[PDB]
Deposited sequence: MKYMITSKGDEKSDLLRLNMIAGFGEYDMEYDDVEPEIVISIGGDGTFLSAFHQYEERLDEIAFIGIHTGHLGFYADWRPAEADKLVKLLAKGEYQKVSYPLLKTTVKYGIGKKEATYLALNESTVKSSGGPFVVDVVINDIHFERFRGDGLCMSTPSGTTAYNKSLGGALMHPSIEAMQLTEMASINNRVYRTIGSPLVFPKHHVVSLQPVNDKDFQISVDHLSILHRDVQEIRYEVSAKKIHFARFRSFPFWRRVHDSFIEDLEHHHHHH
């Protein structure tokens, strides 16, 4: 079947990539970066992120695989020393699939939609900003501070975590909202976990210019009227060869490897 490989770009990553391609040449494996059924990423979690967005239009037909040439990553959870084993199993393996929930973000002006593997955040064009938070068409609070972060289950170990967010198992179809330096003299303060059909809307009070980020991409949006968040209907599919539990991955990254 078809496959492609992205590389962090350093010596270690390019060489690992050139070798896997060689091993793939020993099997019925056509390299194709247009319609790959398998996407292998070599480097770190950031390299994986870029690979996700590069192919975010054929997600339902792709199985992703993350190799870390550096520190152990949440998405890049395979060691380089297992690259050749991957080649073999990927070839004639009926390997299983693991799917994670994604975050849908909608921006409206006076619509643009995006998909996020980790999170989407909103901040001001300088200084603290003010937006109204509407949950399912009901006003929930008026937020003033640095910004807000809406996170996927797998993205909870990222930006979410730094903002006091909870770590959530990716088998749970949900999204989590956290605050950035909220001034309270009135917000909920606590992070909020939303289910599959709940819609969270952010609306401008005075200023209509915001810095909106989706994972690594950061876009200054002008004359914005609304920002809508909801658990996407699309999912990211991983190739599963062995058992590497999420909590073990949490333990190795933050407690001790």
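According to the record, no C-alpha positions are given for deposited positions 111-114, 190-192, 265-272, numbered from 1.
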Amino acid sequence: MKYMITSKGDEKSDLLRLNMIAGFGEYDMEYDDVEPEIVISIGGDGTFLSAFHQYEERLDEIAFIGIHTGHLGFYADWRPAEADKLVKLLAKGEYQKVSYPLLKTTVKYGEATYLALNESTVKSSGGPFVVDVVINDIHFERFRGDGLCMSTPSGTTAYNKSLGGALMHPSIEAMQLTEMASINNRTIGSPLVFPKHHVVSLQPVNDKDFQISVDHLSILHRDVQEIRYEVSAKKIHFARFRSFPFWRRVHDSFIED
From here on, numbers count along this sequence of modelled residues.
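Only the largest set of C-alpha atoms that superpose within 1.5 Å between the two forms is called the rigid core.
In a rigid core superposition of the other structures in 6 other deposited structures of this protein, 82-90 and 123-131 differ in how far their CA atoms stray, and the farther one is 123-131. For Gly70, the fraction of other compared entries lacking coordinates, among those that model flanking residues, reaches at least a third. Modelled in this chain, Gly165 is likewise built in all the other compared entries whose models extend past it on both sides, so a third of them omitting it does not occur. With 20-28 and 232-240 compared on mean CA B-factor from the PDB entry, the stretch scoring higher is 20-28. The stretch with the higher mean CA B factor, choosing between 130-138 and 90-98, is 90-98. For the set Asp146, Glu119, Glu173, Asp84, the PDB entry assigns the largest Cα B-factor to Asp84.
Looking only at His53, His198, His68, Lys208, the residue with the top Cα B factor in the deposited structure is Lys208. For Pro36, the recorded CA temperature factor ranks within the highest third of the chain's modelled residues. Sort the chain's modelled residues by C-alpha temperature factor and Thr47 lands in the middle third, per the entry. Looking at the C-alpha B-factors along this chain, the one for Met4 belongs to the middle third.
Annotation for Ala158: CA B-factor lies in the lowest third of the chain's modelled residues.
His169: CA B factor lies in the lowest third for its chain, per the PDB record.
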